[PDB]
Amino acid sequence: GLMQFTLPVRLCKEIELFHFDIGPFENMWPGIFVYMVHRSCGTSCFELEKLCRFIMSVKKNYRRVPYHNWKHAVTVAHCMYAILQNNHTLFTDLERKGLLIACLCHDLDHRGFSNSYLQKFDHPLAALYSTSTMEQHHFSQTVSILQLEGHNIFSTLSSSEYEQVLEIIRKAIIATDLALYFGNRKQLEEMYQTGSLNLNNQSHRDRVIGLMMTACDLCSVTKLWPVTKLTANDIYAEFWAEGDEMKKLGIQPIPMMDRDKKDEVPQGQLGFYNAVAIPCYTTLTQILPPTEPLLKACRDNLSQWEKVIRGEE
Ligand SMILES: Nc1cnc2cc(Cl)ccc2n1
Ligand SMILES: [Mg+2]
Ligand SMILES: [Zn+2]
């Protein structure tokens, strides 16, 4: 109970910034995560014996894929921590508790293929969940790990607080389905502009938490140029793997996913920053002003991809 985690000085300071990289030392990520829980939430939130067992079972159920891995899990949780620490008073104790666990669990058992590839493959999970296929799986695995003897980090809540938190986590995890991001953002757009956004409306909060989740999930585009650029290879290595498996099914994959069209990547990144990242971080900044640094970083990186195209690297 009197046992804080402490980080070396440089991490202690840099972890509070949106653009923190968690580093190449696997073995420090669990301590990073706990550290963030203890400062976001309190040393009380979770029994340390149980948090640690939960964290290690979650680590175990992420696979060795290029991008959709344990590192992504912890990275996305850090971004949610940065958002929660720059917006101290806007979120309930339950919401701080739920959302950090949501982000750690959000990609549980990912194999590195899109919802689409599951549907064209006719994978069993596409029979069992027609929309938001991997995300309903991810929520499912989170509940499974929550139910292992020794792993219920929520056991100290009330029947009703318990049901609220699992409902926060489920919406949080389903919202990472980028197909759903577009309308979620258009609606928050209308609601902020007409002036009807109201954070005491639960369904308004849901939408806002959903956009924070998209923001954290994409946060690799909000890093310093060299982190953003080296992560983009991981993200593309999965895309190209999927393009190959598309070709194996006798389907020409989209160019994004075709490893024969690497040349078109820098223009592809442009589309994505323009169609997805910049709008996500704009609306989020409007709703939560202190998250502006994610917009500024995203813009710097768009600029860096423009240079890649203009032959200046
Ligand atoms: N084409 C894409 C698709 N999804 C992406 C996600 C991140 Cl975080 C970064 C770059 C991406 N580029
Ligand atoms: Mg995902
Ligand atoms: Zn993710």
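Residues: numbered from 1 along the sequence shown. We count ligands from 1, going down the list as the structure has it; atoms in each ligand are counted the same way.
- Heavy atoms of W305 come nearer than 4.0 angstrom to ligand 1 in no pair at all.
- Shown are the protein N/O/S atoms under 2.8 Å from the Zn ion (ligand 3), given by residue and atom: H72 NE2, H106 NE2, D107 OD2, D217 OD1.
- At the shortest separation from atom 1 (N) of ligand 1 among protein heavy atoms lies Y236 OH, 3.1 Å.
- Remark: of the listed residues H137, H68, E242, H137 is the sole one forming a side-chain contact (heavy atoms from CB on, under 4.5 Å) with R111.
- Looking at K59 and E26, a side-chain N of the basic residue comes within less than 4.0 Å of a carboxylate O on the acidic one, giving a salt bridge.
- Residue, atom and distance of the protein heavy atom nearest to atom 9 (C) of ligand 1 are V221 CG1, 3.5 Å.
- For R96 and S40, the side-chain atoms include no donor-acceptor pair closer than 3.5 Å.
- Heavy-atom proximity to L218, at under 4.0 Å, picks out these atoms of ligand 1: 8 (Cl).
- The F239 neighbourhood of ligand 1 comprises atoms 1 (N), 2 (C), 3 (C), 4 (N), with distances under 4.0 Å to a heavy atom of that residue.
- Using bins of under 30°, 30° to 60° and over 60° for the plane-to-plane angle, the ring pair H38/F5 lands in the tilted bin.
- Residue-ligand proximity, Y67 to ligand 1, at heavy-atom distances under 4.0 Å covers atoms 8 (Cl).
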Please list every donor-acceptor pair under 3.5 Å in which a side-chain atom of residues 286-298 meets a protein atom from a residue at least two apart or in another chain.
| from | atom 1 | to | atom 2 | distance (Å) |
| --- | --- | --- | --- | --- |
| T291 | OG1 | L288 | O | 2.7 |
| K296 | NZ | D300 | OD2 | 3.3 |

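- Between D258 and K247 there is a salt bridge, since a side-chain N of the basic residue sits under 4.0 Å from a carboxylate O of the acidic one.
- The Mg ion (ligand 2) has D107 among its coordinating residues (N/O/S atom, backbone or side chain, under 2.8 Å).
- The aromatic rings of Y117 and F113 lie tilted to each other, with the angle between the two planes from 30° to 60°.
- A donor-acceptor pair is defined here as one N or O able to donate and one able to accept, closer than 3.5 Å; no such pair exists between the side chain of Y273 and the backbone of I278.
- Of the protein's non-hydrogen atoms, the one nearest atom 6 (C) of ligand 1 is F272 CZ, 3.6 Å.
- Atom-to-atom distance recorded for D217:CG and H106:NE2 is 4.0 Å, nearest 0.5 angstrom.
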Checking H72 against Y67 for the ring pair (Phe, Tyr, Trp, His ring centres under 6.0 Å) test, could you report, in this order, the C-alpha distance in whole Å, the side-chain angles of both residues, the deciding distance, and whether it holds?
CA-CA 7 Å; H72 167 73; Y67 173 70; 4.9 Å; yes
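- Scanning the protein heavy atoms around atom 11 (C) of ligand 1, the nearest turns out to be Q269 NE2, 3.7 Å.
- Residues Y236 and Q269 bring a donor and an acceptor atom of their side chains to less than 3.5 Å of each other.
- Close approach of ligand 1 to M256 is summarised as follows: ligand atoms under 4.0 Å from at least one heavy atom of the residue are 1 (N).
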